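Only one chain is shown below, in structure tokens, and it's the form deposited in one PDB entry.
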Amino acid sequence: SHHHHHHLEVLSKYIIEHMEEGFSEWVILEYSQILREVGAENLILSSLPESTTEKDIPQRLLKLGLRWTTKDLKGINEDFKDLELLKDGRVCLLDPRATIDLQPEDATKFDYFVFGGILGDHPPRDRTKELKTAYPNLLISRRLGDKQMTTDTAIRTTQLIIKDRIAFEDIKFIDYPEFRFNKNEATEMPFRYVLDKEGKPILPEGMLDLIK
């Protein structure tokens, strides 16, 4: 049969450079949330190890239609005909150490938004800089405020700024929220989270259950 080889993909893009070994439960929950929020057609998981095959991708992510590749930023265009050439200046790296905060007018300046697929540590190990130094002529950096976010929070904030055109200063965050389940067990999450319409921090589905 010849009809299922169709390049239907042709009919803002988010790129996560996977920088973890394998897929921990937390990574799977975060990536799942990202897929649900930006859509499988608008997300690329890149830079997976060269030995990566479909059996190495978690079934929770494949079920959501994850588009993934072992190519890095410079090779992605070979793999997806639908991805506009990643070109110098039009690719934004979201970087906690950028000088300039992302603003809605940056929607006119960039076509691709790149994030480290990193489970951040505290203190940060500044691994996102690796990305900036790996592609010195491709990427232009933008910040999302002065506090570390998880990958799914950073993508959610970027979508609020770029698609919904909301200024960074207008986004309601909660910094380092505590989740207490009894008078003796509590967990403070050392990241900045977006607040939902109900005043609660937005976490990936199942994250709360995992923390407890």
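The first residue of the shown sequence is 1; numbering continues from there. Only residues modelled in both forms are compared. For the two forms, the rigid core is made up of the largest set of C-alpha atoms that agree within 1.5 Å on superposition.
**Student:** Is it the case that, in at least a third of the other entries compared (those modelling both flanking residues), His122 has no coordinates?
**Tutor:** Yes, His122 lacks coordinates in at least a third of the other entries compared.
**Student:** Between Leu11 and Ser12, determine how many residues of the deposited chain lack coordinates; answer none if the chain runs continuously, otherwise 1 to 3, 4 to 9, or 10 or more.
**Tutor:** 4 to 9 residues are missing.
**Student:** Comparing average C-alpha B factors as deposited, tell me which of 148 to 156 and 177 to 185 sits higher.
**Tutor:** Higher of the two, by average CA B-factor, is 177 to 185.
**Student:** Would you mind comparing 64 to 72 and 164 to 172 for me and telling me which has the higher average C-alpha temperature factor in the entry?
**Tutor:** So the stretch with the higher mean C-alpha B-factor is 164 to 172.
**Student:** Which has the highest CA B-factor per the PDB entry: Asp101, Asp106, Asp121, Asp95?
**Tutor:** That would be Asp121, according to the entry.
**Student:** What's the residue among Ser51, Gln33, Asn42, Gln59 with the greatest CA temperature factor in the PDB record?
**Tutor:** Answer for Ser51, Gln33, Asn42, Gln59: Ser51, with the highest C-alpha B-factor.
**Student:** Comparing against every modelled residue in the chain, figure out the third that the C-alpha B-factor of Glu25 lands in (lowest, middle or highest).
**Tutor:** As the PDB entry reports it, the C-alpha B-factor of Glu25 lands in the middle third of its chain.
**Student:** Quick check on the deposited entry: does the C-alpha B-factor of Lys129 sit in the lowest, middle or highest third of its chain?
**Tutor:** Within its chain, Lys129 is a highest-third residue by C-alpha B-factor, going by the deposited values.
**Student:** Ranking the modelled residues of this chain by C-alpha B-factor as given in the entry, is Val91 in the lowest, middle or highest third?
**Tutor:** Tercile = lowest for this residue's CA B-factor.
**Student:** Lowest, middle or highest third: where is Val114 by C-alpha B factor in its chain?
**Tutor:** Lowest third - that is where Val114 ends up once the chain's C-alpha B-factors are sorted.
**Student:** Is the Cα B-factor recorded for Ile140 in the lowest, middle or highest third of its chain?
**Tutor:** Bottom third by C-alpha B-factor.
If you look for the form deposited in another entry, you will not find it shown, but the lines that follow are about it.
**Student:** With the two forms superposed on the core, which of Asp79, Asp111, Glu130, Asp101 shows a CA shift of 2 angstroms or more between this form and the one not shown?
**Tutor:** Everything else stays below 2 Å; the exception is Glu130.
**Student:** Given a CA distance change of at least 3 Å, are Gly120 and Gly22 closer or farther in the other form?
**Tutor:** Nearer in the other form, by 3 Å or more.
**Student:** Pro190 and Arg127: do their C-alpha atoms lie closer or farther in the other form than in the form you see, with a change of 3 Å or more?
**Tutor:** Compared with this form, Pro190 and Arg127 lie farther apart in the other form.
**Student:** Among residues found in both forms, what runs of at least 3 in a row have Cα shifts of 2 Å or more between this form and the one not shown after core fitting?
**Tutor:** CA shift run, sole hit: 116 to 137.
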